[PDB]
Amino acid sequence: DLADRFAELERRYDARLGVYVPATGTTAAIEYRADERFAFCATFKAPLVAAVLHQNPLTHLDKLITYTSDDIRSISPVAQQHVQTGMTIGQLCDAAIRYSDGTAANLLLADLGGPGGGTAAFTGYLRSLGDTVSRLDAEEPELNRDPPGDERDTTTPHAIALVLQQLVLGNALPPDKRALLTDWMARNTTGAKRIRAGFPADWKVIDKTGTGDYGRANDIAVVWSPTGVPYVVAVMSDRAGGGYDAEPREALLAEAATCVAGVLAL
């Protein structure tokens, strides 16, 4: 069975694994440590973009945000190409999702406003979606570095899956904003070795990854069958017993995803 296969992956990769796939018409829910807390890492950037989209009219996409090279304190492949000009909200959303730009995310958090550089507003947005578990407390890059056991900057597989389903498959965003979020995730550059690697190539996969210290590696995705049937997949992991410098294990997520895909085909 699934639970035993997942436990074997935990043993093999010296990791703690969390998995949630919501029920659908034809499929049972899949759940493994689904209510245990794991650090968000950059998986938060998907609902962050949704919050920014939701709170303003579409035209807010062309608002110019300025920032200095001192504001770059994390790997920011796009933001560090545009210090003199600034970047529009639309470009920041693109960068935040597709290259997991950390400065882009921090600027988007500031665009939400309020205390904690926007982290309270972001947590507020998740509450407004019926997510009562998740929370964000720090900015990038600190939110990837909390010690094991600390509930700051955490979510659960269950919670994050239901948020992603609302954003992409439900009605949390109107169709024009929704299509933007969906397209950015569809053209993600960072996820090929995770959920993508465990689903056959004829299935469509959109996703957002997360990676951090203590061997943290996540991926949250929406997948479609070759015949267009959708599923939501949240996979989370850490290797915290190996310390701050424990390497993330991308193959764990690809193998967990392969188990999920096998079950969903039957």
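Throughout, we count residues from 1 along the sequence that is shown.
In this entry, the higher average B-factor at the C-alpha atoms falls on 66-74, of the pair 217-225 and 66-74. Going by the entry's values, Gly114 shows the largest Cα B-factor out of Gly191, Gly124, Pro157, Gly114. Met87 sits in the lowest third of its chain by CA B factor, as recorded in the PDB entry. Ranked within its chain, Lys204 lands in the middle third, by CA B factor from the PDB record. Per the PDB record, residue ranking by Cα B-factor puts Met236 in the lowest third of the chain. Among the modelled residues of its chain, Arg98 has a C-alpha B-factor that falls in the middle third according to the deposited record. Among the modelled residues of the chain, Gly130 sits in the middle third by CA temperature factor in this PDB entry.
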